[PDB]
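S.K.:
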Amino acid sequence: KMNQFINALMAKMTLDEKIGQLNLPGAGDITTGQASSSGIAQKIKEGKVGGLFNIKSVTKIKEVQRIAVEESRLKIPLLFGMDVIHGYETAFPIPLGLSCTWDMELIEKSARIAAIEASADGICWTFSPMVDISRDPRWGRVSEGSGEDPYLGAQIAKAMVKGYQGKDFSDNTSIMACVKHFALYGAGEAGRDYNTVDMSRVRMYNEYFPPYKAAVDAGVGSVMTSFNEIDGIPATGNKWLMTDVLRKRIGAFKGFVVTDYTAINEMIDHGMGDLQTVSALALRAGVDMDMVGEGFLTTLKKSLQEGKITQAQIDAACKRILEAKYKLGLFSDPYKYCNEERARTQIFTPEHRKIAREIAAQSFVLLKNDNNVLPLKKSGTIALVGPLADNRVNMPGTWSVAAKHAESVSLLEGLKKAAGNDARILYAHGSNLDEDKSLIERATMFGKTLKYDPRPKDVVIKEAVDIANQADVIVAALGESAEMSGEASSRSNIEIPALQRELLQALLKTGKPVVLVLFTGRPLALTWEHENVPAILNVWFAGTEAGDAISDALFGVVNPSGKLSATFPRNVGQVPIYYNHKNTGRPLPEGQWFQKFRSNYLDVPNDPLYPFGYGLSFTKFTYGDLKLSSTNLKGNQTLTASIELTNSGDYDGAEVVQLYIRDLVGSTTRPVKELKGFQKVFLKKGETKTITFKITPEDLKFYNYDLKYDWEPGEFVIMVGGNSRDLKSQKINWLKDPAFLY
Amino acid sequence: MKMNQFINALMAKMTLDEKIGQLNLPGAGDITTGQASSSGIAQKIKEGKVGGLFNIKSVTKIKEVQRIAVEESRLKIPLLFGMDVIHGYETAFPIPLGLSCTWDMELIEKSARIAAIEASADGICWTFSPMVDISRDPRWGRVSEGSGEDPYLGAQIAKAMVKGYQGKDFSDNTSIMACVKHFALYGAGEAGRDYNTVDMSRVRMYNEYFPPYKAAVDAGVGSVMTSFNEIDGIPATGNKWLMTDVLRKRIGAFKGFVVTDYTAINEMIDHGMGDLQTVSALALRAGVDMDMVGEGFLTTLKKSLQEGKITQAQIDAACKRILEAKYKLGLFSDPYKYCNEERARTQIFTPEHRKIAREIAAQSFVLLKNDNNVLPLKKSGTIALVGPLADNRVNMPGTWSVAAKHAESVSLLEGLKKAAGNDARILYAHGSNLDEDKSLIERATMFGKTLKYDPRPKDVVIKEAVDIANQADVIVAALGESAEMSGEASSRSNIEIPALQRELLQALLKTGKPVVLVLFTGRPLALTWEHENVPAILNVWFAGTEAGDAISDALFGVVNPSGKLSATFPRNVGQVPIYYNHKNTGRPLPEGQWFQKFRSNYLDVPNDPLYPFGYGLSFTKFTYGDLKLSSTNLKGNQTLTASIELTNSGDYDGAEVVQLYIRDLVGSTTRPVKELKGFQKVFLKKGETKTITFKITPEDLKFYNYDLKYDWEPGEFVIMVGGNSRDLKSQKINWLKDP
Ligand SMILES: OC[C@H]1O[C@@H](O)[C@H](O)[C@@H](O)[C@@H]1O
Ligand SMILES: OC[C@H]1O[C@@H](O)[C@H](O)[C@@H](O)[C@@H]1O
Ligand SMILES: [Ca+2]
Ligand SMILES: [Ca+2]
């Protein structure tokens, strides 16, 4: 069995060969046809390479793996990793957009399909999911995550891990997952990427940690450290974090820890010392694999000779890496993931694209729909206008490194396809992405270019207005470019670019009904748009099928059913503003802004523009009164909470029913509410269904001042609705059972 | 009969109810002169239910109220009389944030001395001051009451403030008991919204936020006020770790009493902590001694005692602490110590006091830009003064000036005309209201701090000012905030000059005439566009009753501006929180290299603030030589002497604030890129050179490490000296421990 086989392996290994297993270097370019004489080859031959990443194609990966199998002393195969974030070649929506589906079945599926494509191409390990909680729309990496809520985040994290890893690591359709970035990366100060993070231990445990824990408990194979410091120690060298929290219950994690890109080396910049010092710190902390920086490879032996680390520390890190490869099936078949036929037939198939088209349409959030503007009639003339109206490579959004960007369906493309002979579609650019070309340049890196019009904005705006005047309705494709979010894409301004707002205004001024189809990787400040635009559909970035999926929604093929996973502020002045907040000692009563001497601003209401969980539909949903099985409970009983949901509008549709719980009094202050459950239900027009939730004390537990995980006896409010804001509710009392106090 | 014996003897005579009554600091209700003894508050005092009262004004009223306790209560225990004396009593000095920019501890202390003198002369023996909350968030209206973002400068000002109020003896009739607030961390409210949640690590508290409070305590501050915010999920007012284990940690004993903020106990109910009895008991157990307004102590402590939820010892200890403050202030030898009509007649708002305020105000201004020798203005030709803040008295003292003679302040128009005389013609024009949106103007001008409002269309009023401006040789635009746009519960999600005023400024610039922006504000503002387009910018904060004269002294060059920012001025609110003493991060952006993908930086704004901590210009120029160090290799408890030649290389006499920064390069935890560790304000005649010297020891190197241990670690440091936290001369050293 595994344990005997790996001890046997390690018994044959030299110190340098163990150290080598901990190395995850950059590959450098590898000339197809002479991989065995390439730069990386020599290091593989000497047993200095544990794995590689962002190598693409089974053909290339196969020949690189051959070097390790045929030309290294012990023939230890490599891991091959990659950033498979929201799909391999078929792009699903960016993670933040996927979160708004609130559909854990759909989400697990997208991961499943992504792992089927990657594994068919020699990839056996993905750097996903990223489950960083964040309350800061300025941070470009909000797009990679799933919002501000620990519960929803935890559910999604589970779905993602289950999707990738499947039923068994050794399946050639399952890949190993890597939860990132441990930890607290989403609280970087001032929303500036990589910036200082600081918070209390109790906040960590209640507000930020749960998603990481769900990934571990779901059996995630690996964990990736984060770039930020915590309590003044970078995550990568933080022993409390990587050892005391991550591996507390011994048998709990069991996987291995990889650093983020040169995160060890960067501890030098942080102010922790030289490369040897920070490398040793990382190993003692519980880090097992060193990404790109080679601090482990170059300094571990010296540190050992110097007594700064121990043999057992090296052996334990090496063991974990081998155990990963063993689980993935690599020792019984180093080429398990290398089949030319799978790669030809199981990637970017018509079936896969179709599923992505279906999923994408379920992620859209309908933020406004006045006067039945949507769905559009498929008749007359429709004017599509804006810098995002006819572009392919931006549709998949950021973190789509293996995506077929150029085969993506543009919005103009999908609209003409949908309209057919029944409606005429007119196009106009309207305006560039921004007035500042240098901003455009840096916002469109990595080949994600937008066609640029050199003419004066007024000329181009007038052009679009003339076209629009010839149409009956106007569809405005505005927002961000794909690379305005993602890594190192922080924005101090979270509005739609000014130039585009000037365009939008000129369109509204035509008197034509306007639909704002919004492309973004983050929450945006949209008060003015909400005030003036008849309809607003948030499409995030929908993937390779964006144009088709969006057209499904626009014409009413699919009834929008998405709901916000993060709060949209009125202005960046409100940040951070989130749903699960404390009451403060001077709360502003609802509807009373402005009140002197309450907690509020002089110049903006306390409320965000759209709250967590917000999402409209083409139809309407009516909630009956909240039914509770009991208002007086004791010990480990089960509370049943039920409610009637009725489709009272004009169309078939789905709605997300949300359960919130409030702990009224506590030994510490409790959030005014916390998401604790949800169910997505489809209803025929006029149909009524009884939705039921089962609450137990487990749902009432929190981390107290002493970090004890428990619930306290007292009153609670149980809330249910399609919003963190609009809810039916009922108070209950829950007591302890003296007999069972252990 | 020393204090301890007397207090013990007294408490032996008191009923439980009388001990509890000493813990009560209620709101007074209206009190009709000539019938105080039959007024609303009178019955409570007679029953012994009142330990103190606050915000009552005038020695006449206070003597009479004190007479109720002295003559009509069973034990004749006199009352404390407190007030918010924040930046002056009737004579108003600049707001504290403004004052902090003087970087002149003597002036800070003197301003507090004059305040104590005035307040004590009018019956006040206790001020709710200094406010020493560290803040990195300019949205927070209360930044105006503090001293900026730096623990060191903050700690220095705290000492200066406490000494100024308290003197060397609590029993002097010119000294009043100070009260450090708001313990603690109040300045980190989320999203800059007053009273909002606070959260942070212990190590950040100790290094970045706690030092000013500790300084006040070590300076001997007589009392401490709790804060409205929670910490680790527990409101400060009910937080035993904070109020006992930190505040009264054995060594460094705080010996004074703790008073809650305004109904802070009752608000713990809203926080989510329980009912009034529960939260009251929590507060007493935490170490709270006096209960402001909410009467939780008064109405619930006995019941808790009966139920064994609190102890007699806890009540006794609190009562004793209150009685000790009264004793120290001399109230048991003379209950009317602070009640002398003649003092109040001769020692308040005197011509001398007003002169001192004028001098101190002028030294608090920060010159943020001065291109092409626009300032100082020549006292000739014609000068146009335009803006919503050009001719208004009541706003000049700014916020937190409840006792100030607002209506007697010197408006900028007034002060200018006076200094001009027959040498220069001052023209005036309104230009614009404070803001479009009247309803915002209204909530921003509460408490009787009203501005003249012009019903005419904005374009009309602008054309009026432009036509006046076009007749002058220079325009002086008085723009910015109103007084109550900052202060308590005055948070702004937008920290620019109000748009209407900027549209006015644009119009004034377009005349082609040189424009000087005289900026009124209680907070750092985002001023990028203004910095790019306005020739000269003078930040005058809120200068107090003498605003007009002090500002004219600067404009004409009577006084050469010498202030330095104590808080960072961001490029936009999207950069917040942005501060000088920050960590390096693992991916720092090299200086001058914005923008770099995969470095710690924004797509749409540079990393740099607009004006950094310690920034401030002069009418003259200062040149620093090279930094001279006595040694670059130190061992144990040696003294390092750092010296530098400073030269007044400009055209005017003037002072500059020489600043000392230190960087600990490597730590067991990450260390800030720099921390202020010393400063000196020095005056230099035109062309004069002086050797400025600092003396550094390991105490200057210490910090709280991961385990909260206060100590220094051996290794390399950078020593930096300059007039600014960004423009520095530096030299690296090695400091080792010894066996
Ligand atoms: O590409 C490997 C890693 O690069 C890092 O810069 C990112 O922060 C990670 O999310 C990514 O997985
Ligand atoms: O007026 C008494 C107290 O009122 C409170 O609302 C403020 O926060 C304190 O600074 C002030 O001293
Ligand atoms: Ca409870
Ligand atoms: Ca050091």
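Protein sequence lines correspond, in order, to chains B and A.
Going letter by letter, the first sequence gives residues 2 to 743 in the entry's author numbering.
Going letter by letter, the second sequence gives residues 1 to 739 in the entry's author numbering.
Where is the CB? At the ideal position from N, CA and C, for every residue including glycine.
(1) By Cβ distance, which residues of its chain are closer than 6 Å to A:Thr697, with the 5 residues on each side in sequence left out?
(2) Can you pull the chain A neighbours of B:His182, defined as C-beta to C-beta under 9 Å?
(3) Which value, in whole angstroms, describes the spacing of the CA atoms of A:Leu500 and A:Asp467?
(4) Looking only at its chain, what residues have a beta carbon closer than 6 Å to the beta carbon of B:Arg358, apart from the 5 residues adjacent to it on each side?
(5) How big is the Cα-Cα spacing for A:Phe81 and A:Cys319?
(6) For B:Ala390, which residues from the same chain have a beta carbon less than 7 Å from its beta carbon, with the 5 sequence-adjacent residues on both sides left out?
(7) Compare the beta carbon distance of A:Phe679 and A:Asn539 with 8 Å and say whether it is the shorter of the two.
(8) Can you list the residues near ligand 4, meaning Cβ strictly closer than 7 Å to any non-hydrogen atom, in the order they appear in the chain?
(9) Please list, in chain order, the chain B residues whose beta carbon lies closer than 7 Å to that of A:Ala191.
(10) For B:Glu71, which option in B:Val410, B:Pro335 and B:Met200 has the closest C-alpha, if you only look at C-alpha atoms?
(11) Helix or strand or just coil, what does DSSP make of A:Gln312?
(12) Taking only heavy atoms of ligand 2 into account, decide whether any of them is closer than 7 Å to the Cβ of B:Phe741.
(13) Counting Cβ pairs closer than 8 Å, one from the segment 659-666 of chain B and one from the segment 710-729 of chain B, do we hit at least three?
(14) With a threshold of 16 other CB atoms inside 10 Å of the CB of A:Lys61, please say whether the residue is buried or exposed.
(15) Whether or not the segment 225-243 of chain A and the segment 294-303 of chain A are in contact is what I'm after, with contact meaning three or more pairs of Cβ atoms, one per stretch, closer than 8 Å; do they touch?
(16) Please report the straight-line C-alpha distance between A:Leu23 and A:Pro561, rounded to a whole angstrom.
(17) Got a sec: is the Cβ-Cβ distance from A:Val143 to anything in chain B below 8 Å?
(18) For a test of the three-state rule: what should DSSP assign to A:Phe447, helix, strand or coil?
(19) Taking A:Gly480 and A:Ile497 to be in contact with their CB atoms under 8 Å, please state how far apart those CB atoms are, rounded to whole angstroms.
(20) Under the assumption that B:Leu301 contacts B:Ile315 (Cβ atoms under 8 Å), give the Cβ distance between them as a whole number of angstroms.
(21) Could you work out which residues of chain A lie near B:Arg599, taking near to mean beta carbons separated by less than 8 Å?
(22) Below 7 Å CB to CB, which residues in the same chain sit around B:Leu434 once its five sequence neighbours on both sides are set aside?
(23) Note down the Cα distance separating A:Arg393 from A:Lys355, rounded to an integer number of angstroms.
(24) From A:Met290, A:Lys328 and A:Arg285, pick the residue whose C-alpha is nearest to that of A:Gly308; which is it?
(25) Comparing the C-beta of B:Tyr602 with each C-beta of chain A, is any distance below 8 Å?
(26) Identify every run of the beta strand (DSSP E) within the segment 420-507 of chain A, keeping only runs that are complete inside it and at least 3 residues long; order them along the chain.
(27) Can you find a heavy atom of ligand 1 that lies under 7 Å from the Cβ of B:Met446?
(28) Taking any Cβ of chain B, which residues in the segment 509-521 of chain A have a Cβ under 8 Å from it, in chain order?
(29) List, in chain order, every chain B residue whose beta-carbon is nearer than 8 Å to that of A:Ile234.
(30) Starting from A:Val658, follow its DSSP beta bridges and name the residues at the other end.
(31) Do A:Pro577 and B:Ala191 have their C-beta atoms closer together than 8 Å?
(32) Please identify the residue among B:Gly27, B:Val516, B:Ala121 and B:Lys690 whose C-alpha is closest to the C-alpha of B:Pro535.
(33) So if I threshold CB-CB distances at 8 Å, which residues from the segment 432-456 of chain B count as touching chain A?
(34) Does the distance between the C-beta of residue 1 of chain B and the nearest non-hydrogen atom of ligand 1 fall short of 7 Å?
(35) For B:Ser401, go through chain A and note every residue whose CB falls closer than 8 Å to its CB, in chain order.
(36) Specify, as a first and last residue, the run of the beta strand (DSSP E) that B:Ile644 falls within.
M.R.: The answer reads as follows:
(1) Position 697 of the second sequence, counted from the first residue, corresponds to residue 697 of chain A. Counting only Cβ-Cβ distances below 6 Å, and skipping sequence neighbours, we find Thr639.
(2) Taking the first sequence and counting its residues from 1, one reaches residue 182 of chain B at position 181. Correct list: empty, because the minimum Cβ distance to chain A is about 12 Å.
(3) On the second sequence, residue 500 of chain A is found 500 positions in, with the first residue counted as 1. On the second sequence, residue 467 of chain A is found 467 positions in, with the first residue counted as 1. CA-CA distance, A:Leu500 to A:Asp467, rounds to 18 Å.
(4) For the purposes of this step, residue 358 of chain B is identified with residue 357 of the first sequence, where counting begins at 1. If we look at B:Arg358 and ignore the five residues flanking it on each side, its Cβ neighbours are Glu546, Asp549 and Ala550.
(5) Counting from 1 along the second sequence, the entry for residue 81 of chain A is found at position 81. Counting from 1 along the second sequence, the entry for residue 319 of chain A is found at position 319. When rounded, the distance between both Cα atoms is 17 Å.
(6) In the first sequence, the residue the question calls residue 390 of chain B occupies position 389. Take B:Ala390, set aside five residues on each side of it, and the residues of its chain with a beta-carbon closer than 7 Å to its own are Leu412, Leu413, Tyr428 and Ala478, in chain order.
(7) Indexing the second sequence from 1 puts residue 679 of chain A at position 679. Indexing the second sequence from 1 puts residue 539 of chain A at position 539. Going by C-beta atoms, A:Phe679 is not nearer than 8 Å to A:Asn539.
(8) Those residues are A:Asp664, A:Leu665, A:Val666, A:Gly667, A:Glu713, A:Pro714, A:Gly715, A:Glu716 and A:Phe717, given in chain order.
(9) One-based indexing of the second sequence puts residue 191 of chain A at position 191. Ordered by position in chain B, the residues that pass the 7 Å Cβ test against A:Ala191 are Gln575, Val576, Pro577 and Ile578.
(10) Position 70 of the first sequence holds residue 71 of chain B. The option with the nearest alpha carbon to B:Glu71 is B:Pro335.
(11) Taking the second sequence and counting its residues from 1, one reaches residue 312 of chain A at position 312. Annotated three-state conformation of A:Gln312 is helix, per DSSP.
(12) Counted from its first residue, the first sequence places residue 741 of chain B at position 740. Remark: the shortest separation between the CB of B:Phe741 and any heavy atom of ligand 2 does not fall under 7 Å.
(13) Cβ pair count under 8 Å is three or more, so yes.
(14) The residue labelled residue 61 of chain A in the question sits at position 61 within the second sequence. Flag for A:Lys61 reads buried.
(15) Because the criterion of three Cβ pairs below 8 Å is not met, the segment 294-303 of chain A and the segment 225-243 of chain A do not touch.
(16) Counted from its first residue, the second sequence places residue 23 of chain A at position 23. Counted from its first residue, the second sequence places residue 561 of chain A at position 561. Across the structure, A:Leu23 and A:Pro561 are spaced so that their CA atoms are roughly 47 Å apart.
(17) Numbered from 1 along the second sequence, position 143 holds the residue referred to as residue 143 of chain A. Answer no: the Cβ-Cβ gap between A:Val143 and chain B never drops below 8 Å.
(18) Here residue 447 of chain A is taken as the residue at index 447 of the second sequence, counted from 1. Here A:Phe447 sits in coil by DSSP.
(19) Walking along the second sequence from the start, residue 480 of chain A turns up at place 480. Walking along the second sequence from the start, residue 497 of chain A turns up at place 497. Yes, they are in contact, since the Cβ atoms of A:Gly480 and A:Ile497 sit about 6 Å apart, within 8 Å.
(20) Looking up residue 301 of chain B in the first sequence gives position 300. Looking up residue 315 of chain B in the first sequence gives position 314. Indeed, because the Cβ distance is near 7 Å, the residues count as touching under 8 Å.
(21) Numbered from 1 along the first sequence, position 598 holds the residue referred to as residue 599 of chain B. Per Cβ cutoff of 8 Å: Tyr195 and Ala489.
(22) In the first sequence, the residue the question calls residue 434 of chain B occupies position 433. Excluding residues within five positions, the ones whose Cβ falls inside 7 Å are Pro388, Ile441, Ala444, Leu451, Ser482 and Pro498.
(23) As a position in the second sequence, residue 393 of chain A is number 393, starting the count at 1. As a position in the second sequence, residue 355 of chain A is number 355, starting the count at 1. Our two residues, A:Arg393 and A:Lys355, have alpha carbons roughly 17 Å apart in a direct line.
(24) On the second sequence, position 308 is the one that residue 308 of chain A refers to. Per the Cα distances, A:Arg285.
(25) Mapped onto the first sequence, residue 602 of chain B falls at position 601. Output row for B:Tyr602: interface = yes.
(26) If only complete runs of 3 or more residues are kept, the segment 420-507 of chain A shows the beta strand (DSSP E) at 425-429 and 474-480, in order along the chain.
(27) Stepping through the first sequence from its first residue, residue 446 of chain B is reached at position 445. It does not: the Cβ of B:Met446 is nowhere closer than 7 Å to a heavy atom of ligand 1.
(28) Against chain B - using a Cβ distance shorter than 8 Å - the segment 509-521 of chain A contributes no residues.
(29) Here residue 234 of chain A is taken as the residue at index 234 of the second sequence, counted from 1. Taking a Cβ-Cβ cut-off of 8 Å, the neighbours of A:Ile234 in chain B comprise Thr669, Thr670 and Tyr706, given in sequence order.
(30) Within the second sequence, the letter at position 658 stands for residue 658 of chain A. Under DSSP, the beta-bridge partners assigned to A:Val658 are A:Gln680.
(31) Along the second sequence, read from residue 1 onward, the residue named residue 577 of chain A stands at position 577. Along the first sequence, read from residue 1 onward, the residue named residue 191 of chain B stands at position 190. Going by C-beta atoms, A:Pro577 is nearer than 8 Å to B:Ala191.
(32) The residue you call residue 535 of chain B lines up with position 534 of the first sequence. Taking only the C-alpha atoms, the option nearest B:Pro535 is B:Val516.
(33) Listed by position, the residues of the segment 432-456 of chain B near chain A (Cβ gap below 8 Å) are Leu440, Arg443, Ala444 and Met446.
(34) Nothing about residue 1 of chain B can be reported from this structure: the residues present for chain B run from 2 to 743 only.
(35) Residue mapping note: residue 401 of chain B aligns to position 400 of the first sequence, counting from 1. The premise fails here: B:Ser401 is roughly 17 Å from chain A at the closest Cβ pair, so nothing lies under 8 Å.
(36) As a first step, residue 644 of chain B is located in the first sequence; it is residue number 643 there, counting from the start. Unbroken beta strand (DSSP E) run through B:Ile644: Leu640 to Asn648.
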